[PDB]
Structures are given as C-alpha cells and as structure tokens.
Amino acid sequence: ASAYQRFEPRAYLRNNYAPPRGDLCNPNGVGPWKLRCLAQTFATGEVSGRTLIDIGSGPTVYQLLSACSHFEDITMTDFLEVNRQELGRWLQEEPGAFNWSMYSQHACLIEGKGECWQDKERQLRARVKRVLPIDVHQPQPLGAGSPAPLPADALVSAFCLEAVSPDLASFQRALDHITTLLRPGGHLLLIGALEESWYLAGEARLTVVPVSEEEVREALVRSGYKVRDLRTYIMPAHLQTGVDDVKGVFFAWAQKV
C-alpha cells in the first residue's frame, strides 16, 4: 500500500486514458470495448435501483457514464486523497480538470438515444452525491458511519481489486469486503486487468496480482455471486505501451444471490 503514496493521478490518466489507449475512434480499441460492455449491460434494464457505489474510482469517471442514467444516487470512492481531489476538479468543472468528453461522446454514441455528451456529463455530475475514502482491505471498506446509503442496489469497480491485492487470496478477501456493501439480489459490474503484474503512475511503481478469467469467475462464485456475464478483451500489440504489462481486460456482470 505504501507504494500508492507516490501514485500520480495525472501520470495515471495520461498512461491509460490518453492516446493510444484513450483514442476512441478505433472500434477495436479497449476504450470502446469497455464502454460497450457497460452500455449493453445497462440496456438490458436488469441493473436498476436507487443507489450505486463505485469502488476505487481513482481519478476516472468513464466507468459511470452509462450507469448514471439508472441510479439517482451515486457514491464514488478512492483510497487516495489526490485521486478524490482530481475527481473533484472534474465534478466541479474546476481549472485543469481531465477532459473526459471523448468518452462521454462515445458513450452517447454507443447508447443510441441521441443524447448530447454535455447532457450526459451534466447528469453524471448531478447524480454523484459524494466522493468518499475507502479501503477494500477493511471488513467495512467505507468505515463505520459512512455517509453512503447502504446497502447499495449496485456496485461498479474498475481496475481496483487486482491492483491493490498481493495475491489471489487477498484479492478474494477484498471481493468479500466490498460484497458486504451490496444488497442481496443487487448487481456488481467489475472491470479488471488480466495477467498484469505491475504498472506505473509517474514515480509510483505498483504491484498487481496476475489473474485469469477462470480465477475471476471462481472468486465471484466463492463470494456468493451468480455470474451473468464474463467477457475478455485481448490487449493488442499497439496498446501495449510500456506503462504496464496487462495482457487482457475482463468485464464481469455478477449478481449477488
């Protein structure tokens, strides 16, 4: 964890959400694939309710772009103060906020409701009620007296669990911890890196547990979920850039039984 104290949000954003990984023009790219997974899942109309919590949001909002129109109360979270501040800058439209508009545009494009990207962002900013500290290693990841409405009707989390866990076991426990935040019959949308061991965020060099699709499937099962959907994106050569060693990205739609 101490490694995360060197984590630079801007370097992370630049490494993963600016070209080439952040060019959304190519439909075969990872950015479009992720947004498409999220969009399609919400378009089924089976993931719904009043409140949602995003786990380990970091400095990113793309993971909620499709979500925000299904949940009137959204709580975003991260372990790091610097990440929560970077979120603030975007949520409050403060100077030097990250430009997510390519992702907003592409989400509007994929969803196919003819919505302008500005309305999309407006709705996201309006529904994100609070940004809270979190530690998925604690049995109560949000603390004891959290301002967050619990239990949530739905969880989202992207690139967090594998990226903060030393090994499979710690990964499984983290999953158990966040699962307690979710109402029975509720939904989890989980995005993660496949077979990754490290990545860079400026001066920070972080350790990642290398996990497979079957390992992810089994963990979800062991945590008491029914796996509704589990998809893999194999990382093409051109998006393997020296900022990490990720091999693929997985998307899992799980329902707490």
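Superpose the two forms; the largest set of C-alphas matching within 1.5 Å is the rigid core. Heads up: residue numbers just count along the shown sequence, starting at 1.
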Check: Which stretch is more displaced from the shown form in 9 other deposited structures of this protein, 27-35 or 195-203, with RMS over structures and residues of Cα positions after a rigid core fit?
Finding: 195-203
Next item on the list: State which stretch is farther from the displayed form on average in 9 other deposited structures of this protein, 129-137 or 94-102, counting RMS CA distance after fitting on the rigid core.
Entry: 94-102
Next item on the list: Take the C-alpha B-factors listed in the entry for 144-152 and for 131-139, compute each mean, and give the stretch with the larger one.
Entry: 144-152
Next item on the list: Could you settle it for me: does 60-68 or 215-223 have the higher average Cα B factor in the PDB entry?
Entry: 215-223
Check: Which is it among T232, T207, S48, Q40: the one with the largest CA B-factor in the entry?
Finding: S48
Next item on the list: Pull the Cα B-factor of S157 out of the PDB entry and bin it into the chain's lowest, middle or highest third.
Entry: lowest
Next item on the list: Would you mind ranking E81 by its C-alpha B-factor against the rest of the chain and naming the third, lowest, middle or highest?
Entry: highest
Check: Which third of the chain holds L190 when residues are ordered by C-alpha B factor: lowest, middle or highest?
Finding: lowest
Checklist line | Chain-relative CA temperature factor third for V30 | finding: lowest
Notebook entry, point to check: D176's Cα B-factor: lowest, middle or highest third of the chain?
Noted result: middle
